[PDB]
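For reference, the structure is listed below as structure tokens.
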Amino acid sequence: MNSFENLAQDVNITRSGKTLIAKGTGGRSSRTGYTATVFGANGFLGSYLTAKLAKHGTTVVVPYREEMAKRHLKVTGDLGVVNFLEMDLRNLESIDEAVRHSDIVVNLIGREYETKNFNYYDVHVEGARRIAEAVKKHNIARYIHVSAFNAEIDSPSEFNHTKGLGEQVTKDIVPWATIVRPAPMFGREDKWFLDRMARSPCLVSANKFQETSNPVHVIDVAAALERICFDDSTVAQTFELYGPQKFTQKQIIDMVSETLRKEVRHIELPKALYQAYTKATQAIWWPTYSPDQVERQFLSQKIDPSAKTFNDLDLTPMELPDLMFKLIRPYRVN
Amino acid sequence: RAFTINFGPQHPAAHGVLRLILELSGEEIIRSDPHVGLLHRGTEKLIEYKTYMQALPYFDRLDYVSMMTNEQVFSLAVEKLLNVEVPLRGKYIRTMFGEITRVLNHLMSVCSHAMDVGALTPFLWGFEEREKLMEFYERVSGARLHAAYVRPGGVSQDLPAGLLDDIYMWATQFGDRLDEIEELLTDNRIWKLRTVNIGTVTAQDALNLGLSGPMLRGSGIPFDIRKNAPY
Amino acid sequence: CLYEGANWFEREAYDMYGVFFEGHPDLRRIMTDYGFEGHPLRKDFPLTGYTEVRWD
Amino acid sequence: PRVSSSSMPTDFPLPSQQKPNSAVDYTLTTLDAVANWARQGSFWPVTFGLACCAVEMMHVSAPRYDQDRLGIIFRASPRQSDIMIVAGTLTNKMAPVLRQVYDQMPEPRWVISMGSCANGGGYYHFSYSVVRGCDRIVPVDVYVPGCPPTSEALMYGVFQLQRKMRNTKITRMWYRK
Amino acid sequence: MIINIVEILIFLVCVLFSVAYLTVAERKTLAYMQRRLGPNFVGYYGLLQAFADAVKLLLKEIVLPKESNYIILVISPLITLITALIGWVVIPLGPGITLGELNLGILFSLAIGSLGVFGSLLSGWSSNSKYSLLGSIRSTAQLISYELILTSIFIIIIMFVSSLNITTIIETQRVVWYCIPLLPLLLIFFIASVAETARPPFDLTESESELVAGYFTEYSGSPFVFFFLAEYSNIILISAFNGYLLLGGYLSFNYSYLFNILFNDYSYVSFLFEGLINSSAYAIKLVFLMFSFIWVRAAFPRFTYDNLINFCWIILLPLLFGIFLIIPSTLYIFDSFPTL
Amino acid sequence: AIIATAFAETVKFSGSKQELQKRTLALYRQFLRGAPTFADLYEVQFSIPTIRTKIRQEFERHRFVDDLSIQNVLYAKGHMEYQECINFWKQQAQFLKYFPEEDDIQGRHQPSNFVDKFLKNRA
Amino acid sequence: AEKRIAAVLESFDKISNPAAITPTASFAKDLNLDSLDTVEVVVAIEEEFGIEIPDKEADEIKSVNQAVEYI
Amino acid sequence: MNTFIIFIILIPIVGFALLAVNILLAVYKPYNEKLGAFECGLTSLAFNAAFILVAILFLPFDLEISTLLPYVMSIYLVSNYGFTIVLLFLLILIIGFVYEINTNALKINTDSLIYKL
Amino acid sequence: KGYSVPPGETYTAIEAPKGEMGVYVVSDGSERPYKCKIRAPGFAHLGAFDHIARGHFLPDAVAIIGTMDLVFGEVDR
Ligand SMILES: NC(=O)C1=CN([C@@H]2O[C@H](COP(=O)(O)OP(=O)(O)OC[C@H]3O[C@@H](n4cnc5c(N)ncnc54)[C@H](OP(=O)(O)O)[C@@H]3O)[C@@H](O)[C@H]2O)C=CC1
Ligand code: SF4
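Protein chains in written order, with UniProt numbering: chain A, 21 to 354; chain B, 81 to 311; chain C, 170 to 225; chain D, 34 to 210; chain E, 1 to 340; chain F, 2 to 124; chain G, 32 to 102; chain H, 1 to 44, 50 to 113, 120 to 128; chain I, 390 to 466.
So, in structure tokens, the structure goes:
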């Protein structure tokens, strides 16, 4: 028989006074009784989180923008488990409709470049402010807000600056929100990581590939997020999810080359030249390496001294060297 | 050293569910290992949980181009156990519709065969005749394919009022519709190149292997249940 | 050894019920899934089986 | 750094209620109209026929309905196909193969579930070797009910899929980003 | 320069659109031979069907399988399309009316044709799908074998003309079309042009029933467009070879009397009217040939590999060597060796 | 005729236990030998030593079965499984059924004493 | 060459005396290796050297000395 | 710069342009399951001599056929002399073709049942 | 409830278009069959495939499958 591995017990009481009674063994046809809104669910991390949530039949409300990008999420839940809502950050009523009936709200909305319609501020601070206002107005029981590692207000990088401002506005609006800061996430079809290293024509660094961070598996971040969702003791805490051991970008590229049986091309360029190049390529309509990404290419991971980690969730991150072969298998050629 | 290929499941000749693992020494088949069960549904397990009346539609969906002959085999079994007799008109209707069903099944088999070898046109010509007969199915039973019309004891409903005339009207021209397919196929030397002395089976091995029908009558043995065990 | 045609029927009988046929050259499952546990046509096997599949 | 305030609106219409009021909006509407017109006009399925539903799927192509007159060519390879039609009982033995053929279709791709057996497991819903609906395995866009759906019902389901294509925003969606 | 550009654009547009509409014509003709309608819905009377398929395929993602040489997989269709289209540079629509007026026009046709087996030979190596490999080897064999028959009929015709200029070969046929004295040779050129193009009944190369799809199993998007375009362009081009070798090219009838009635001096009107007559004759011959390709596709089942190889190398090739012996013998008997 | 397939062994019930243990050890050796072939065929994330460990556990599970007929049946089924694996008849999905432990942690709460089982209504 | 045998056999559980591997040491008598353990060490050996060993003589190997006389 | 060379240059440019349009407009989302080779939906070499032999004998026969190009371009100038020479050439090649036919080069249980009473 | 069939058993075969089709139904006196096995002619034919098709070419295997006239609802039930 299956089992509700995410739940501690059978009867649950939300902070809002809702009585939730799980029905069933814990499989597809079962229901945990919880309802969750996952902002940015069709992305890289949102997909895993939604799969884990709907695996046990907690109702998942998925706010989406493009109809065709969200279709794979319906497979993850029984009939009526995964519900889709049309949403836009400039339509307040839409956000209200998305969060209105939930016991859990997590937002993963973040963009690694700027667009003609959303600059870093518009997507990280005002977007988070609107979501957090909807949460506070509807008194949602649990609000989880995901930011990025190295999120600091006065950062050189506009990404980290806007991320720190988003954290501050979230804490100001909803005092009981949980803030998570994951390290660079890898995994299947990741973004600006392993898959880029595996099929790029050439990786061009402005800082000799010297930067250090503790990469963390995306599955592990999603599992930690689920655990944070279902335990009420993580309210108003800050979490720094990061991998076991510290790597240098060059080390990861060397590991990828050894596992790929093929040499990855690295070219080192002056910072000004690569800025100008990235700023130029920002003119095409498909996502491309940001100017602020290369600015961040001079920041190494900084871990908060006083922050809850994977250990407080009774979790053990997997090792990046172990997954390598599993994570990049289709490019070995051999 | 044999070379192993997975013929099917996604292959038009395979009919979608025939994973036919072949081992080739160059061009020639050395051993063949058909794998089935891609369409195992558990019909026989499920029938035990069904009344006889409720279990009848399981047979429409066994050979899903010969529905009424399937209903007829199950009906004959259950009536033989029940020791009851179908009225005369019911018997005649079951014979007529058994042969309409035979015509439909042979249209599907011959035209699908010719499409497999490469002759694409008889497919379409014979599919128009199939459409005409499925009109008769739909008129007597209400469904084009899975009629559930032939039931232990007889047939579910009597014929509609204008059906015999329409069947006769179709019968006046089916002869020509056959002659045209035969014009394309019977004497074509490419057809005979693809079919003569291919898949030869001896009489004795036909009996030994459990083959029946055309697969047995082709080898020279005149055995036909319609003539031998007149039902 | 006597009737060639009995090969497949005996593989089906084994698969459905578990009956072994001594001297069968190649006796293996013919219908059930690969790695299926249980012989479905046994009166003690439940209608719906013990397991189901989905995409994870 | 520098940008410290926002001016994003508060009642921007959702895509489903958005109307094309500007020159660039009309341009993008025209480009989307062309692309969607091509997608409906060249409707290529992968045939993946499993059981009694495949017969009504053939009768769609028979002279009387002539799917080809609408631009439907059944193509054997999944590489050259837009649409997968799941026409038949999906068994547990066949589920990995179906998911594999779905994965090998290039984008954009749609799936139509034809027949009771593929919709919900149908007449074998309580069997020990039957998947209770193909949407356990692949995402599905249109469910065609029937056992078997007549050829006209399958064509109606095709028209529904084309209607969904016709209302799809491609470049207009990018403009909203 | 400007005139050269306008001529090339006119010719290129006509050829590309004729290929595009040949696909629609095939679907419609097969449809009516199968008592059905074929495309009549995308565009008025289904006239935009081919462009609909085109646009769709140009918007389709390109899939490069894991074990594949992606460069070869993308470039092989491209080279086969290029050669298939380059073959058109020598085809005349009137006396001297062509993009390339080469004195070695025939040799150019044969050479660019011989560059046509490389798509089949390369795709199997590029795809790496096993079905593609079997199809590729069998196709390469079949195509070269029937290229022999085509080259041999070319030689037999040049026995009558003693020139490698295509216009001259056409002009010599005002006396009589060469398909009259050499009717059996015309039958063989059709049977071989069908085989060299890989059309049914001889579609063993990419036959869906023996091998799913064919060498193209792995080709999505524009590469599939290229194989498709090259195949139909080659159909039309080999119908063109047939036309000017055997059907008298752009010759229809002696319209000297008619022109002397209509006109009284040379004018752009009369030059245009003559151009239209010649081009109409040549295009109606092309249309009958394309219709015959579609007709044969409708009527016959496929061959097997052994069958077609046996055909080409045991039934056709002996007859062609026999004709090699009997044509110059007849020229010698009647003292009619053609002058240069 | 219909000839046997690759790695097919005719069904024979051993009349003596010792003659059965000979075949049993042969089968175990075949499984150990095939482990790398299984690792290539089914694109497994885990290592060949883990395949061999799993095989040893499977053979261990019936180490104390006494009645001869049951041993005969278990051996026949084990051989059928070996033939299924080595011929790539099985797919990755069914093959990984054998390997439930190498999947990741399913969740935070796998109850062990009566109070945690009771809280989840599984006591 | 026999030292490679000793290296392969040494790296196996259920034995607490690595030095007990004398050139004529029997597995079931000294090492206390099981029947399944014996098959495991035999396959480890034949894999290390890459040679395939038929069924019979593979069964008739019971000791290190037999491994080296057949190696 | 006549029409010939411009057309020859123009064709590959059109091919490359169609390819570039496809690359620019189509999405591109590779993943391991999609990248697998298609063989009827699921993952998974001796040949016959006639395969070798068709290809290999193509080359001599092609050379024979293309050796007649100089003849047909000079038939009148060589008169009844060259005529006879090319007959002899053709017959000599026809002999090799006969050898090929008779050796069957390109081509790829009937015992009684006797009882010892 | 359904009608009750007298207990017994029968094998009844007809000349189905594909050959001999038969059913072996076991009745226990109740309203639900105790056992129903369907003898599908396609099952025996596909069984004989490996004997028939040995020594032929792959296109001949396609033609053979065609002449066996298999549906595969019959083959696996
Ligand atoms: N991946 C990494 O290495 C790290 C990521 N993070 C954070 O993780 C979160 C997600 O990671 P990932 O999933 O990889 O990011 P993705 O880009 O994969 O998904 C991000 C989501 O943001 C949504 N989104 C972005 N901008 C908007 C907007 N203006 N309006 C509505 N929706 C929007 C996207 O929806 P659409 O698809 O509709 O654009 C997408 O679903 C982000 O917050 C990111 O900052 C932090 C540290 C490391
Ligand atoms: S839904 Fe009905 S008609 Fe369709 S395949 Fe299933 S049983 Fe047959």
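From the three backbone atoms N, C-alpha and C, an ideal C-beta is built for every residue, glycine too.
Supposed contact pair residue j and residue i - C-beta distance, whole angstroms, cut 8 Å
i	j	result
D:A84	D:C150	7 Å
E:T197	E:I238	6 Å
A:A203	A:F330	No, A:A203 and A:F330 are not in contact; Cβ-Cβ is about 11 Å, not under 8 Å.
D:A71	E:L59	7 Å
D:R196	E:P39	With 8 Å as the limit, D:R196 and E:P39 do not qualify as a contact, their Cβ atoms being about 20 Å apart.
I:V394	B:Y132	7 Å
Proximity test, Cβ basis, 9 Å: residue i and chain C
i	result
A:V119	no
F:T38	no
9 Å Cβ cutoff, residue i in contact with chain G
i	result
F:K23	yes
Below-9 Å beta-carbon distance, residue i vs any chain D residue
i	result
H:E33	yes
B:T201	no
Any C-beta of chain F under 9 Å from that of residue i
i	result
D:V163	no
D:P139	no
9 Å Cβ cutoff met for residue i and residue j
i	j	result
B:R121	D:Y157	yes
E:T151	E:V161	no
E:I112	H:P12	no
A:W305	D:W207	yes
F:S15	F:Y83	no
Distance cut-off 8 Å: residue i Cβ against heavy atoms of ligand 2
i	result
B:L184	no
A:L319	no
F:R24	no
D:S149	yes
B:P89	no
D:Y135	no
Chain E within 9 Å of residue i, Cβ atoms only
i	result
H:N2	yes
beta-carbon residue i near ligand 1 non-hydrogen atom, thresh 8 Å
i	result
A:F104	no
residue 356 of chain A	Nothing about residue 356 of chain A can be read from this structure; chain A reaches only from 21 to 354.
A:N62	yes
A:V143	yes
A:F138	yes
Below-9 Å beta-carbon distance, residue i vs any chain I residue
i	result
F:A2	yes
is_contact[residue i, chain A] using C-beta, thresh 9 Å
i	result
D:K202	yes
For the segment 25–34 of chain A against the segment 84–93 of chain A, do three or more pairs of beta-carbon atoms, one drawn from each stretch, fall closer than 8 Å, so that the two count as touching?
no
When you compare the segment 314–331 of chain A with the segment 106–116 of chain B, are there three or more beta-carbon pairs, one atom per stretch, that lie closer than 8 Å?
no
At a cut of 8 Å, does the segment 164–180 of chain D reach the segment 80–100 of chain E through at least three beta carbon pairs?
no
Are there three or more Cβ pairs, one per stretch, closer than 8 Å when the segment 77–97 of chain G is compared with the segment 108–118 of chain F?
no
So, does the segment 144–159 of chain B touch the segment 104–113 of chain H, judging by three or more C-beta pairs under 8 Å?
no
Inter-stretch contact at 8 Å, needing at least 3 Cβ pairs: the segment 166–183 of chain B / the segment 444–457 of chain I:
no
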